[PDB]
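What follows is the residue order along each chain.
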Amino acid sequence: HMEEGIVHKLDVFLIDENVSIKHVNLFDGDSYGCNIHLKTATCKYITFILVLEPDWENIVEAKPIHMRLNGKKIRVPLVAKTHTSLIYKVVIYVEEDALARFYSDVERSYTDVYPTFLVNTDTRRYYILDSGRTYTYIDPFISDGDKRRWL
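As deposited, the entry is annotated with X-ray crystallography as its determination method and 2.500 Å as its resolution.

Under the UniProt heading Function, the entry covering the chain gives this text: "Plays a role for multiplication of the virus in different cell types."

Written out as structure tokens, the structure reads:
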């Protein structure tokens, strides 16, 4: 792919599952998003906190983050701002297994290189099905340091 010279930073945290999906961002490209296969046997609320750090020096403006849960559009509130970070928080309600798609763009040239994860909200075990055009990794915890990034 042709280098864009744009490198955003993006971490995604599943609060109640205590899971850190870190460095979800493409290591090159003005786009962000991911796919999260959520598996559950019980009815629960799943809280996502997304900490976005746009590459301001190389963009005119930061695109919004959108989301679809099982095809249905879900509002992704930008609830807080720091001097460098945009902090999104979304809460979904699921009764069975669900797929959550975060995205900034519709074009496949971007969405096809989003990383894809599986998260079992009952066993809290995970799996990186596809890293895409990223260096993403999953920590089975949420550090206090990461928490203070939005607290």
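(A) Layout of the environment of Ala-41. Inspection of the secondary structure assignment puts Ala-41 in the loop between β3 (33-39) and β4 (44-53). Linking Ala-41 and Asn-120, residues 79 residues apart in sequence, is a C-alpha distance of 9.3 Å.

(B) Focus on the side chain of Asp-146. As for its placement among the helices and strands, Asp-146 is situated in helix α2 (residues 144-147). Given a relative accessible area of 7%, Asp-146 falls into the buried group. Within the local environment of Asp-146, its side chain forms a polar contact with the side chain of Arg-149, the two groups lying 2.9 Å apart. The residues touching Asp-146, leaving out its near neighbours within four places in the chain, are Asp-11, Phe-13 and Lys-22.

(C) Fine view of the environment of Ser-31. With respect to the element layout, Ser-31 can be found in the loop between β2 (19-22) and β3. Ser-31 has contacts with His-8, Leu-26, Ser-104, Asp-105, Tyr-110 and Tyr-114, leaving out every residue within four places of it along the chain. A distance of 2.5 Å separates the side chain of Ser-31 from the side chain of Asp-105, its partner in a polar contact. A polar atom in the side chain of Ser-31 sits 2.9 Å from the side chain of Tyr-114.

(D) Structural detail: the sheet that holds strand β1 (residues 9-14). Read across the sheet, 6 strands follow the order β7-β8-β4-β1-β2-β12 without closing on themselves; strand pairing throughout is antiparallel. The open sheet has two edge strands, β7 (78-81) and β12 (137-139), and neither has a second partner. For this sheet the average axis-to-axis angle between neighbouring strands, irrespective of direction, equals 20°. As paired strands, β7 and strand β8 (residues 86-94) are joined by 3 bridges and run antiparallel to one another. Note that in β8 the partner of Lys-81 across the bridge is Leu-86.

(E) The arrangement of the sheet that holds strand β11 (residues 125-130) in detail. Taken in spatial order, the 6 strands of this open sheet run β6-β5-β9-β3-β10-β11, and their pairing is mixed. The open sheet has two edge strands, β6 (72-74) and β11, and neither has a second partner. The sheet shows a mean angle of 20° between the axes of neighbouring strands, direction not considered.

(F) Just unusual backbone geometry, in detail. Although it is not a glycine, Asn-18 adopts a positive phi angle of roughly 55°. Residue position: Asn-18 is located in the loop between β1 and β2. Its relative accessible area of 28% is what places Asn-18 among the partly exposed residues. We note that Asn-70 has phi near 55°; this positive angle belongs to a residue other than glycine. Note that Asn-70 resides in the loop between β5 (66-69) and β6.

Criteria and thresholds
- Residues numbered from 1 in each chain as written, not as in the entry; some residues may be left out.
- Heavy atoms only, no water.
- UniProt positions renumbered as here; feature names shortened; annotations may be inferred.
- Helix = DSSP H or I, 4+ residues; strand = E, 2+ residues; numbered from the N terminus.
- Buried < 20%, exposed > 50% of the residue type's maximum accessible area, 1.4 Å probe, protein only.
- Polar contact = N/O pair within 3.5 Å; in protein donor to acceptor, adjacent residues only side chain to side chain.
- Contact = heavy atoms within 4.5 Å.
- Pairing = 2+ DSSP bridges.
- Axes fitted to C-alpha atoms, helices over the stretch in contact; angles between N-to-C directions.

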